[PDB]
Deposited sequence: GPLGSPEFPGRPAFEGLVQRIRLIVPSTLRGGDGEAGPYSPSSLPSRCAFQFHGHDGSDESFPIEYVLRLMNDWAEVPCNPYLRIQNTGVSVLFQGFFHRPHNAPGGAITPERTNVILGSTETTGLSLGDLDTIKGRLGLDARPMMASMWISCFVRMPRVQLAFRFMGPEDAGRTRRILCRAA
């Protein structure tokens, strides 16, 4: 019953345009699966942002056992696919750095990022480490046969 609440929360965070929710089983905060926790996808022509940091942090918060949450982004050929993991899969560590926020994916192509690498990059940058003062989003422009990704740290407006 807990995992439903988690994925419901995450679903609330992710925009409605990106279709998804719970991904492709049942698990406790004690035991984490290798299979993806949640799945979201966007059709051709869409411009959608994904709150990657917030979601990964939510997953890491939910788990009672140490783990390094991982978001996997794929260009399937017909859409963009965001999949959530508690542990990155074997054989996609991250091609993103403070010097390169852009990643362009051809058909059947995968990229991804972990919360540890995300925190490392955020640390490399002189951005605010305090909660909600800096949260990374993935700017996604779906233009088949390609998908454009921009991993950008966004800040509050407080206005």
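A.B. asks: Pop the missing stretches of the deposited sequence into a list, counting residues from 1 and keeping sequence order.
C.D. replies: Missing from the model are residues 1-11, 36, 104, 173-183.
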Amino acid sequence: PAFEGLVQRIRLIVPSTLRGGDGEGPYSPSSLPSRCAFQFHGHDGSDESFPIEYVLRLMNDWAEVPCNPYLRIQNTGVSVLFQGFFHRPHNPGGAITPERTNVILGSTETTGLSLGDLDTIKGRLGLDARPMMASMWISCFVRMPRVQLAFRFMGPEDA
From here on, numbers count along this sequence of modelled residues.
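A.B. asks: Got a sec? Mean C-alpha B-factor, which is higher, 106-114 or 92-100?
C.D. replies: Mean C-alpha B-factor is greater for 92-100.
A.B. asks: Going by the B-factors listed in the PDB entry, is the mean over the C-alpha atoms higher for 28-36 or for 61-69?
C.D. replies: Stretch with the greater average CA B-factor: 28-36.
A.B. asks: Ordered by C-alpha B-factor within the chain, which third holds residue 130? Give me lowest, middle or highest, please.
C.D. replies: Highest third.
A.B. asks: Can you work out whether the C-alpha temperature factor of residue 9 puts it in the lowest, middle or highest third of the chain?
C.D. replies: Its C-alpha B-factor, which the entry lists for residue 9, ranks in the highest third among residues of this chain.
A.B. asks: Among the modelled residues of its chain, does the C-alpha B-factor of residue 122 lie in the lowest, middle or highest third?
C.D. replies: Middle third.
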